[PDB]
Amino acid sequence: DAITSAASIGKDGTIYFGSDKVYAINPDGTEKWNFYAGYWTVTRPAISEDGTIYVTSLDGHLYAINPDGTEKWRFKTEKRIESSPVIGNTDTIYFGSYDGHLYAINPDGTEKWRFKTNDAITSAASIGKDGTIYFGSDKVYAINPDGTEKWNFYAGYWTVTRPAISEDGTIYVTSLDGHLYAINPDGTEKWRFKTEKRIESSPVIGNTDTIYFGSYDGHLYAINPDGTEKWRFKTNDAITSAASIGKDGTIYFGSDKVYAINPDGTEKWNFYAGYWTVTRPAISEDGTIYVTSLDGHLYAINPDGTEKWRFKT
């Protein structure tokens, strides 16, 4: 389980990722600091407006870290955490636990509430414009800001992935057995798309609400918002993470290497980033694409597909 998290980008351009420690990397590729967060972190750091960095650890804590790398506080649970923290519209920090609860933590480290489910939560929540908190595990949950259930959506026997929420409030999830569901804000199904493929990747939205996800066997699907397939791009390597969308609509994803796909489904470029698999691309405002390898390398890639720099832990 000791692998490297996907990268996050702070508002000041610092790049963060978790592994044996939490690493903060300057935009020029040099290490800014590192932070010991217990045994190991495999989750994506979250960064608040005021620059606080939140990290969930396999040691069972939510850590809050000041911008200079010192600890602000820690919040303790009794079970490992594989759910990346997310920040709500009002600076509440949400994460899922292997104890089955969704935790809401205040910015001073006090627990605001916890929401009980009957299965470990292994993916991050997603926050809607009105503050509704959505997450996926053994079904799709919509939680009000006070921790009471707004609705749940049953999506079958099998694991559902992190929800993606569109501008009009449609909620998208994939399920292990190959479905993409589109759910209305009131919790009713809008449509479903079936692939007959194992899906481990959560969906991402871009280019006029096109929904993209990778199948485990290496196909990147682009689905129109009416539920019809737009295209399917073939690679010959597994996809297990979500894609990321650039400012010009380019679709980036990591598997054996980093792929940049144009909105029309043609490959723009690919970038080789080591013999191990890469994580979900993080895209800067300046167009730089960051990916980590599972063995603790961080790559910075220019919009044209050439390497800008690499950092090794």
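We number the residues from 1 along the sequence you see.
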| query | finding |
| --- | --- |
| Between 165-173 and 227-235 (mean CA B-factor, as deposited), the higher | 227-235 |
| Mean temperature factor over C-alpha atoms, higher-scoring stretch between 115-123 and 239-247 | 115-123 |
| From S83, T210, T132, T195, residue of greatest CA B-factor | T195 |
| Highest-ranked of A273, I47, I283, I65 once sorted by CA temperature factor in the record | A273 |
| B-factor third for the C-alpha atom of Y252 within its chain | lowest |
| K72 - which third its CA temperature factor falls in, relative to the rest of the chain | middle |
| Assigned third (lowest, middle, highest) for the C-alpha B factor of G178 | middle |
| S202 - Cα temperature factor, lowest/middle/highest third of chain | lowest |
| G128, C-alpha B-factor rank within chain (lowest, middle or highest third) | highest |
